[PDB]
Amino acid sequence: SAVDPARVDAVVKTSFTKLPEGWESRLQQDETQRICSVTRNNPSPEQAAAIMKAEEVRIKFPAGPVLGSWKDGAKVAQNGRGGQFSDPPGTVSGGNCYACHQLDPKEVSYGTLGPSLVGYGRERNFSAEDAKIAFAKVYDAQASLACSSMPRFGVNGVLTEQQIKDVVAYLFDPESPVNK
């Protein structure tokens, strides 16, 4: 096997020396990040099982109903700002779903890193059970697919619970353009 040289950590720690307050945590990998790096997103069946387990426990579901406002979910999906060293303080962070996914069939600017999500709710018969599954996917994608390329929005603090509820309504609400 190819191996990454040990010197990589030193290279990182000495190449990123201008650090915003607290940002050294951005250089520090958590356990899942580390395994997905070493295995190049292809963990063994055992490793994949371990990842999925560790990630599922971290998901925090809402107290009541999962669906929020699809109108506000549209904004989450369209916004790709937030979290960058260049973003002003107070910048609202987006999910940038459109960066990777087709969502509203009428929106022509969409990426293809991930699967098309057109009619996501409708093809699931608007199931409340499936909405909860979608909530979980957005909250921590790696709970159901080890080393997924999708960001773990809920667990990493990129999206709030309300924002996740809202984007879930963008997928599942029968009056969302996604389902029309």
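A residue's number is simply how far along the shown sequence it sits, counting from 1.
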Selected stretch [higher average CA B-factor]: 13-21 or 164-172: 13-21
When the Cα temperature factors in the entry are averaged, is it 123-131 or 38-46 that ends up higher? 123-131
For the listed residues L27, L113, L145, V118, which one has the largest C-alpha B-factor as given in the deposited model? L27
Check where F61 lands among this chain's C-alpha B-factors and tell me if it's the lowest, middle or highest third. highest
Among the modelled residues of its chain, does the C-alpha B-factor of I51 lie in the lowest, middle or highest third? lowest
Please rank the C-alpha B-factors of the chain's modelled residues and tell me whether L67 sits in the lowest, middle or highest third. highest
Sorting the chain's modelled residues by C-alpha B-factor, tell me whether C97 ends up in the lowest, middle or highest third. lowest
